[PDB]
Amino acid sequence: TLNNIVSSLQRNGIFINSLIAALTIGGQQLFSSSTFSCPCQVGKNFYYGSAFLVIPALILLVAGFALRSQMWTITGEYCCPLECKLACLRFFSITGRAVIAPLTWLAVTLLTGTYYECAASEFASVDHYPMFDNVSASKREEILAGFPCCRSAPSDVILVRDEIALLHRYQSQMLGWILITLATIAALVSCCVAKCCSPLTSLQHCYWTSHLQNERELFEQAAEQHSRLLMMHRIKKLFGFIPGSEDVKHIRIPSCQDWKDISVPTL
Amino acid sequence: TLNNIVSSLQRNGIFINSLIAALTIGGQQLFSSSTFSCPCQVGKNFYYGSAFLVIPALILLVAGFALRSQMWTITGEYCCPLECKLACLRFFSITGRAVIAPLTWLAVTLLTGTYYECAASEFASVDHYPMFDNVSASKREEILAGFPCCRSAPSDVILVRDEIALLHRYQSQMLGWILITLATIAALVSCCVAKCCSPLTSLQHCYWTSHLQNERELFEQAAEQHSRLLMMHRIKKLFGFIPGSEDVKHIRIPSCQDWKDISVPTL
Amino acid sequence: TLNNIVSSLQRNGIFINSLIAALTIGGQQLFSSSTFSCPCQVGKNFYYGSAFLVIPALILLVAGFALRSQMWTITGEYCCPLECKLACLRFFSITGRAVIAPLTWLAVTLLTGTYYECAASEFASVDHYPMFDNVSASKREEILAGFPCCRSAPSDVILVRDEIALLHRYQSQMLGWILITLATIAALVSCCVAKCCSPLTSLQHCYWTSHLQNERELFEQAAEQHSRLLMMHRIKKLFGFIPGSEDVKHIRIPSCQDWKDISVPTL
Amino acid sequence: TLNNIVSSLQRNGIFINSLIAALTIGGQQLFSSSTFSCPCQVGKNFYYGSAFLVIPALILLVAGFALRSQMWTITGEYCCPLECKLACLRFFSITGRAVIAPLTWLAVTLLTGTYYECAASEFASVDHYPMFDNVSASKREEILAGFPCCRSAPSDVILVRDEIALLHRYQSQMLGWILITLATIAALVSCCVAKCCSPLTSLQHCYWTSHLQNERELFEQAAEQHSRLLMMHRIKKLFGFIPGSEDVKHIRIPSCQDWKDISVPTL
Amino acid sequence: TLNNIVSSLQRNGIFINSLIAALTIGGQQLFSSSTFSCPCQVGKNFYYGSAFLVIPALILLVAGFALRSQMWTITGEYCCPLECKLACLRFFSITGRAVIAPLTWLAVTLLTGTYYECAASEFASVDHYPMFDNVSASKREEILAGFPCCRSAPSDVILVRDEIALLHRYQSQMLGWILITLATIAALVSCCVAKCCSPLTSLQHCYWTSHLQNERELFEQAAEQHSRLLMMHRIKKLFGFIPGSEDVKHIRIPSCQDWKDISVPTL
Amino acid sequence: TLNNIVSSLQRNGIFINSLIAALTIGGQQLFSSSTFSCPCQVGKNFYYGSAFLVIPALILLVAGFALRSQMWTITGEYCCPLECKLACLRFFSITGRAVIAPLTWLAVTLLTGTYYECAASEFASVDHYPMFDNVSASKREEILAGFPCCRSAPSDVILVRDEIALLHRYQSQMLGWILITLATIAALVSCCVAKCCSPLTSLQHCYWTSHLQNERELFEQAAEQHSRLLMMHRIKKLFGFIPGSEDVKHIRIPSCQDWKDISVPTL
Amino acid sequence: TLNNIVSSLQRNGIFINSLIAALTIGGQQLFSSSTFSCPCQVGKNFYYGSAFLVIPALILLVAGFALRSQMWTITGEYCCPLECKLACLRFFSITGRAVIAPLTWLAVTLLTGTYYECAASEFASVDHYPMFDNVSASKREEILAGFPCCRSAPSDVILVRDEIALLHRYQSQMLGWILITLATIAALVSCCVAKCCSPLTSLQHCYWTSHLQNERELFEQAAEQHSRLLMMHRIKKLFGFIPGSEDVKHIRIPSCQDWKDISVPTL
């Protein structure tokens, strides 16, 4: 009853998506808590933020796309009527599986907000503050870029610092929620248009998907067994018996030429 | 006896609804305790409250609707007499399954009350207080929006702050209870009207539901097996044997054309 | 031997009632300890008490009534001689199962007494106290409604506060015990009148109950199997074989019309 | 070997009585330690004591009587020679099973003594004490009713308070032991008179008890199976096959009248 | 069902790559935390950094290449048309398996950044600092190379030290991300060119890979069994019976010459 | 399935090498942490270092060589054309297995560096230090050899001591890395030359290795069984029956001469 | 599969030697940490050291020699050509097994060094020390023998004491390493000479060892069974039946003489 439930879970896309989301959440939390530190320099901050904010998302998206075996076969069918639409639906299913990881990464890294604070701590709109009028532009940047990493000044400075940090946290969480809502709406309307443009009925779709999966699996197994039989026959021609048999009555000692004969695999 | 009880539980809707409610309660608690912080700015507070109060509820409702496989088939039957009523009952059952998640999310997030305090901490009716008469409107908003996040003033200020916070907690819990009662009454009267408008008797309903479920399952299994047999026959035409058989006597080596023959799946 | 004892317990109503009572006790304790706080305002207190005291009890009673499957069938038999009495006994058994939850909720929430103190902390009869003679009515309400939540005054005030709180605890526990006794007496006399008005003998009752339960179960199983056979026959007409068979000799490829043929389920 | 010992224990009345006593002891301890607090008012104390002392005992006694299935059948046989004596012995056995719970509740709640102290802390005979001569009657009651709950006075007051409390503890434990002894003697003499007035011999009694129990069990099982067969036959008349059979050759589609035919259960 | 899943995992390259990456991450963390200490001398620092940064990566790459059995056979086929392309694809697959370890080592050791700080703590561009103008070049190097290991100077020195360290951490993490992105893009375009230049179709590739693996395995097993039979025959010629048989009827005692006969293994 | 995986692991040389390396790492760590202490005398230090640095490595190398059973047979074949090359390859495989232990011992004991500090703490090049100019040569050695073990002097002394210790740690780790790289390169080029000078093809090598192993195993088993049969026959000649048989019909009592007959084992 | 691996381990001499070494290491550590204390008298110290250093080693060597069963048989064959050489090889194998224990005891007790310090704390060469010039010979011995056990003098005394102790620790560890190296070289050259002087070939040796072991085992088992049969026959002559049989038909009661008959065992 074990392998039954194992296959039932493997088929269930909800479980796979949940596992991917949970793994990305845990990985982001550990990654942030371990190897993140604001440089708080004058111009080398926004890049340090945008790197952690963007690059892992793109990387995980490319990984979720390329790691899908069927995508390579589809692309090979495309690289140098109805077939076009079926290929479109296959690409759509693969994209639906793949997009989950970078989306949840972006969502968590924006809702936590610790990356966005360090990302745009220099673009803070400082125009109506009492301590930022006399200071020159350079020292202004110097003291503005020093808020996220550490605190060393009197209470008024820490007050304006906490205010700016809270403003940026608000911006981050609002951006995160907007991303979540817009992305879910886009996914819903895309599934809707996929259902609308499908030339197949509701029942033919199930048959087609099962056909594709079962096709791949059986062709794999059959090619394996066929090559196994062929190699077994060549082995019997070399040595003189079957590798699986017992009490073999004839044992043909190989000659110095048949070793050269078996050197090539006939491709 | 394991898989027996597994199927008995899977059929039992009470267990599924209980699990959904428990998962939503736990998720809301963790989400609130982890990634929530009041910005306590002058105009960017009510939005920060309403986002967490509303958006996850709508998102979870849309997710509970779209993730139901039968809903897509019903909509496809609808998109471009008795059938209308049967489709109405199917939609009703799906809605009854789906609504549980956003309702419990709203209920818990209102009964805890920590979101509502941060949601309407600016609309506090301050008209009969001793310290809020001399202050101008702008500074009034400034000091009113600063209650939820932190406390830095003398005892009278913290007293009026605690009073306002308790008032808002009362409002939140009252709103939550009203939502619970109204929603349960609506669900009850809707089930009543569903029983009233049902053209089927009490016994035909059971037969119909079992018929629909069993229909989907058997058509799935049969289409799978049929496509499996067809692909097995094409494999026998290519290689010359059955993928499941042993001691195959004829092995037909494929030619350079039959590979091109098998390139297309006959749709 | 496991499923044997499982069914023996499921039949045993004592176990089900004990489990319901224990779950309600635990839920009330957690609910009270987590999300309860006295507002201690001037007029918005009694409602805050009565809500937690009453609304969950009514809600749980309605839930215990509607969640019983047989109640819906009985009501449908009633909505648009001996049958009347049998329906009365069925309704009586369902009511006996359902009433347990709200009764135990009320009992525990009155015996703990923390809700009743916050419910009627304003109706305290203050007429023979030394500090409540000079104060006006408004300030009297202000200082009377402030006892339950916090304490900030000298020792005489805390003394009269503890006295009033103890009086209200006494009232709550007395009300709880009266409710318990009256409710048990009512349940006993109702079971007595049910035994008195029963047109069936002592032995026919057992046969009737077993008949009803077994009837529902077997009709369920038989309708399931019948619909399964019918769908299997339609599948054989479509594809040309039985979904359970092996080594099928004929495989009928479907045409573009038979897909439309299977689109309707014949209701 | 498990279910063997399970049935051996279920038959053993000693185990059931021990379990009931242990459950009542634990429940009383938790109940007392959780929801008990002396009001220590002037006239609302004795009732607060007598409630916890008496009401749960009566309630548990009524519950132990009514929850016995055989008692209902016996009462129905009685409500509108030898049979009278046999019914008397059956009632006696049921009473012997039921009385255990309230007796042990009373015993434990008197031996612990914390309820009795709060029950009669006002009837304390104060006639030979140095501090209770000048005080008026009203203030005397006020200071006498304030001993159990709290202590706020100098050492002489706490001395007389401890003396009175110890006296009341002595009274409680003595009353408890008297109750235990008198109750056991009454139970013994009642079992003696039951053995004396029994018209059956020592051996016929065993046969009679086994007969009654086995009678109930077999009639239950047989009525269940009979109704199951009858419903199976009606199902075969409706659909055209047996719910348990496989490879049914005839499937009779139901008509719009036979659904109405099956609507009534023939009582 | 165990060995089934074991083989399924062994085939799954994703699991093997994940395990390799995790092992390298853990090993790097332990290695760094255990046996790393900055010498902070004048010229013997950059080498101490570059050693840990580079040498383990190269070593692990060579180990991942040479430990692959098929690579040795391919090289032997190469050392003293279509075969060239097939050998290229085999080398490509081996390289894809091997490169994972040094890449992840470099990535982790750059993202942690503790090696890079100690690597280039002497090339720090110190030109606009107040304390580094009067000091000579030698003492400048002396005080610049002493930042990473320890701190012993007043607050201005520790301030410029923290600034330089943060700058170098920024540089390290930026270099790490650039390496990750460039390496993934290179791997993707290399897989693309491998798919482009493949003379085999999408299906022949699967057959070819399965053929190679199965070929190696069966030739191994068959050669083992053949040599076993040959040695068994020589043993029967020496002693006079079969090593596996029971109740041997003839036992030939060996002579002083047959021991010399068996001394040589016939190569 | 257990013994299957056991044999698969036993064959896998990677596992054996990993286990040897891990055991040597753990043993070196414990050995160093337990029984190491610098004598810090004037001339008896370098020997104390070189002993722990070298002697265990040589000892473990000799142990890894001599403990290999096949090495003894090969040496006996050598002690008093193609056979020479085959013996060379066998010796090469044995050396490849054996060298792992002393190499990893040296590597770990140099990377930890605690042995090298105590090894060459007297050859420290002290020429440009302020405190080592006035002191005579003897006292110079006295104070130089006292750095590693303990510290008792003012801060300047501990400063120069830490500097010298860090220099020596740098030297140790650099020497360790050079040893690792040079040794791996030597092993790689040696495997290359072994592949180059092999007179056997790629496939004959596998057959030859399997032949040697299987040869040893079967000859062992067969010699055991043959001697067992011979001793069983002598026992039957002495006592008169077979040691394995049951219900022996003849029991020959031994005489005083046959005991002397069995005293010699016929060599 | 358990007893298989058990016998495989029992045959493996490496495991037995490892276990012996580990047991001796643990026993020496516990023995030293528990029951060792320096007497630090004037002439009764060197003996106290040499006892623990030597006597257990000799004792364990004698125990490892005498406890070997085959050694007794060989000595009996010796006590009152080729046989001489075979006996020499047997003695050599026994010695190789036995020597492991005292060697590892000596090694550990010298490397720990705590015994050697207490062994030669009186032979300390004190000739160039400032405090040992004026003191007479007797008091010199008194203060020299008091270093190891306790410390009671000013800092100069403890300084010279630590220096002497470190010198002796160095001597001990150097002696230990010399013993290890010399002993391993001796064992290696002895195994070499054993291989050189062996009149048997490489293969006859395996057969001979297996023959000796199997010979001992089978003779044991056969003698046991033979004596068992003989005693069973005497028992049948006494009582009249077989001790293993059931439903014996004749039971011969013994007489007063046959008891005397069975008194002697016929030797």
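Counting starts with 1 at the first residue shown.
Using N, Cα and C of the backbone, Cβ positions are placed for all residues, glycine too.
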Exercise. Disulfide partner of A:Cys40 per Swiss-Prot: which of A:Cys88, A:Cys118, A:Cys149, A:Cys150?
Worked result: A:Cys149
Exercise. So, in Swiss-Prot, which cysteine from A:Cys38, A:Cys197, A:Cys206 is disulfide-paired with A:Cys118?
Worked result: A:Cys38
Exercise. Tally of helix, strand and coil residues over the topological domain 'Extracellular' (A:117-170) according to DSSP?
Worked result: 27 helix, 0 strand, 27 coil
Problem set entry | Length of the line joining the Cα atoms of A:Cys118 (disulfide bond) and A:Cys40 (disulfide bond), in Å | 8
Exercise. Going along the chain, which residues at least six beyond the ends of the topological domain 'Extracellular' (A:35-45) come within the CB cut-off of under 8 Å?
Worked result: 52, 114-115, 118-119, 121-122, 141-142, 145-150
For this session: Mind tallying the topological domain 'Extracellular' (A:35-45) by DSSP state, helix then strand then coil?
Result: 0 helix, 0 strand, 11 coil
For this session: Count, for each of the disulfide-bonded residues A:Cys38, A:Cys118, A:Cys149, the other C-beta atoms lying within 10 angstroms of its own C-beta, and report the residue with the smallest count.
Result: A:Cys149
Exercise. How far is it from A:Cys149 (disulfide bond) to A:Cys38 (disulfide bond), counting Cα to Cα, in Å?
Worked result: 6
For this session: Inside 10 Å of the Cβ of A:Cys40 (disulfide bond), count up the other Cβ atoms and send me the figure.
Result: 22
